[PDB]
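The structure appears below as structure tokens.
Protein chains get the first letters and strands the later ones, always in sequence-line order, with residue 1 at the start of each. All values below were derived from every heavy atom in this structure, side-chain atoms included, with hydrogens, water molecules and symmetry-related copies excluded.
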2 protein chains.
Amino acid sequence: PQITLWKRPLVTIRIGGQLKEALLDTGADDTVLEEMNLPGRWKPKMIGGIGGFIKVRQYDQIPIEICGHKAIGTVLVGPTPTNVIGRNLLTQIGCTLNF
Amino acid sequence: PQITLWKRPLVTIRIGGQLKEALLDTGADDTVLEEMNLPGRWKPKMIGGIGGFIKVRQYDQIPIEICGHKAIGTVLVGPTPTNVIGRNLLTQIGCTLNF
Ligand SMILES: CC(C)CN(C[C@@H](O)[C@H](Cc1ccccc1)NC(=O)O[C@H]1CO[C@H]2OCC[C@H]21)S(=O)(=O)c1ccc(N)cc1
């Protein structure tokens, strides 16, 4: 799709059979989801955003379907204000910025 | 142009007499720039992201040039780790997401 920016670029994602809304976030290097359960091993990690640093759980090789497009990659889970899809997965789905 | 997301979408902006590098950030509602002593009135605001909130000064109707494109609108100034061009100005320069 082509998505304009007069509204937040929120899209439905499917992850682990669950449907969630997430924000396409070109200013995020990483994909960060709000607290949820995911299977398998994870590693503790820390990440910084505008307001400082948080702890997250880093899960590798997770499938997410983003607006029907398939990705498999790293997903960080922790106290983000909102689910964000970052460039690690935006690149997988062929997302670009155009003007 | 088209900007892929293999690396951060950093572009050149001008505000005035200051040229700075800023992210084209679809996850940012409003543009937030690092500390600068702009002329005119402003209002205090607090904005939130990963890690919590920061305090910023909201300046309105500021002309910025982004990759040679004209924009004018709100600019929040405060101690952000990274300059971001948010949706308020991205729309003005014709920026969409495409996949
Ligand atoms: C978390 C989002 C809903 C909102 N943010 C925009 C977001 O693009 C920031 C923009 C950003 C970028 C760098 C540093 C601070 C903030 N990125 C970010 O937090 O990314 C984190 C996840 O991947 C990592 O890569 C970058 C930092 C990590 S935000 O910076 O907090 C923000 C909030 C309000 C406005 N008006 C402007 C910006």
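The two residues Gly48(B) and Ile50(A) make their nearest non-hydrogen contact at C-CG2, 4.2 Å. Nearest heavy atoms, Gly49(A) versus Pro81(B): O-CG, 3.6 Å. The two residues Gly51(A) and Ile54(B) make their nearest non-hydrogen contact at CA-CG2, 4.3 Å.
Atoms OG1 and NZ, on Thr91(A) and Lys7(B) in that order, are 14.5 Å from each other to the nearest 0.5 Å. Once rounded to the nearest 0.5 Å, the distance linking CG of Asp25(B) with OG1 of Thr82(B) reads 9.5 Å. Atom CD in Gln58(B) sits 5.5 Å away from atom CG in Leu76(B) (nearest 0.5 Å). The structure places CD1 of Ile64(A) at 11.5 Å from CD of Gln18(A), a figure rounded to the nearest 0.5 Å. Annotation: the span from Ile62(B) atom CD1 to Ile15(B) atom CD1 amounts to 6.0 Å, rounded to 0.5 Å. Interatomic distance, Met46(A) CE to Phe53(A) CZ, rounded to the nearest 0.5 Å: 6.5 Å.
Aromatic ring orientation, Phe99(B) versus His69(A): perpendicular (interplanar angle above 60°, classes split at 30° and 60°).
Of the candidates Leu10(A), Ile13(A), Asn83(A), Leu10(A) is the only one forming a side-chain contact (heavy atoms from CB on, under 4.5 Å) with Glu21(A). The residue from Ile3(B), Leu5(B), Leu89(B) that alone fulfils the side-chain contact (heavy atoms from CB on, under 4.5 Å) condition with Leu24(B) is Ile3(B). For the side-chain contact (heavy atoms from CB on, under 4.5 Å) with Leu33(A), the qualifying choice from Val75(A), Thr80(A), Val56(A) is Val75(A), the only one to do so.
Contact annotation: the side chain of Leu19(B) approaches that of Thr12(B) to within less than 4.5 Å [non-hydrogen atoms, C-beta and beyond]. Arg8(B) places a side-chain heavy atom less than 4.5 Å from the side chain of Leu23(B). Using a 4.5 Å cut-off on side-chain heavy atoms (C-beta onward), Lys45(B) and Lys55(B) make no contact.
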- Item | Verdict with supporting geometry, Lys20(A) and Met36(A), side chain to side chain contact (heavy atoms under 4.5 Å, CB included) | CA-CA 11 Å; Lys20(A) 297 170 172 283; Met36(A) 64 171 301; 3.8 Å; yes

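A salt bridge between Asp30(B) and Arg87(B) is absent, with no side-chain N of the basic residue lying under 4.0 Å from a carboxylate O of the acidic one. Salt bridge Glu35(B)/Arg57(B): present, at least one basic N to carboxylate O contact under 4.0 Å.
There is a side-chain donor-acceptor pair under 3.5 Å between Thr74(B) and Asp60(B). One side chain, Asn98(B) or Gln2(A), offers a donor N or O that lies under 3.5 Å from an acceptor on the other. In the model, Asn88(B) has a side-chain atom that pairs as donor or acceptor with a side-chain atom of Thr31(B) under 3.5 Å.
Hydrophobic clustering (side-chain heavy atoms under 4.5 Å, transitive across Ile, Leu, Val, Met, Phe, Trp, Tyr) groups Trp42(A) together with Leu38(A).
Judged purely by atom type and a 3.5 angstrom limit, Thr26(B) uses its side chain to pair as donor or acceptor with the backbone of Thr26(A).
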